[PDB]
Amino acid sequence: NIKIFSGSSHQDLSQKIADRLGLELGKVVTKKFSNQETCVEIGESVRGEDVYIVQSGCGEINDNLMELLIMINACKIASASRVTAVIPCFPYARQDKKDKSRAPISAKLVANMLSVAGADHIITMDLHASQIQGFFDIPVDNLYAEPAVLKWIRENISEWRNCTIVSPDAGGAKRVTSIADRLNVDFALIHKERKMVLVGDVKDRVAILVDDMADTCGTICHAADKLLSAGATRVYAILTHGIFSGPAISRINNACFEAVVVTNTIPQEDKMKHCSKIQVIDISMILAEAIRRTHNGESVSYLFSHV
């Protein structure tokens, strides 16, 4: 009754979810021209079934987005009972506001695209802004990496009871403040000026940079230096979405990080090769658990505060 399909080419995160559910991934033959025009042929019947399409990648976002959208459509047109998009890292999520300029809210566009494509339900992790849920009329489940992050912290940082959770930007205050209270520790905010400033005591404490996403890593690297200047004994960085475009890993090796921790929301195998500082938290259990519970009609909320 339940079927899991993998988009992209990285069937890694997909397979783990499949394994944890006692299932194999559905057959998909995918052809691509030099145009990167994507052809999909669902290798098996999904009529009357509860279909889950997992999208992992974020290396070529437009190819990946279109591949997902095409698959959703193929399944919806083949009489699937329900089509759920499992998008651990939500594409164009940083484009959720106009910011005083004639910009698109591309995250709303993407949400409209997923909707008009045939998605009935969305399972995602750590929306860049929670308000992105409101870009849908279908239900969205926004899972938190926090519980697993909270857990990683207590087990890997001896000093966690005396640390400071730091936000690298002004927008991330609520997240770090929500984590700092749970752990019962200090918080601190960094803000890049529109002409980097830190607010909060970080002195003689290990500082933990927490954000939902890292990309070029300019921000976290600069915040790392800034924190050490402020008297932090060491700096960690925990981010759920580790995009790591180009220079990011050269920068991670150059900056004084104890470790940069991410979830496998995005494939990290190749990056861990040329970067020893990177550690990965496996979030496939949470996803597998969201899927299993969506299909059974159980509470997926347990996953908001339990691993």
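Throughout, we count residues from 1 along the sequence that is shown.
Going from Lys195 to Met196, the model skips 4 to 9 deposited residues, which lack coordinates. Higher mean CA temperature factor between 85 to 93 and 169 to 177: 169 to 177, per the PDB entry. Between the stretches 49 to 57 and 262 to 270, it is 262 to 270 that shows the larger average CA temperature factor.
Ranking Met71, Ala107, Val202, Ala117 by Cα temperature factor from the entry places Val202 first. Split the chain's modelled residues into thirds by C-alpha temperature factor. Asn184 is in the highest one. Sort the modelled residues of the chain by CA B factor and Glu67 lands in the lowest third. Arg154: CA B factor lies in the middle third for its chain, per the PDB record. The deposited CA B-factor of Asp99 belongs to the highest third of values across its chain. Among the modelled residues of the chain, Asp19 sits in the middle third by CA temperature factor in this PDB entry.
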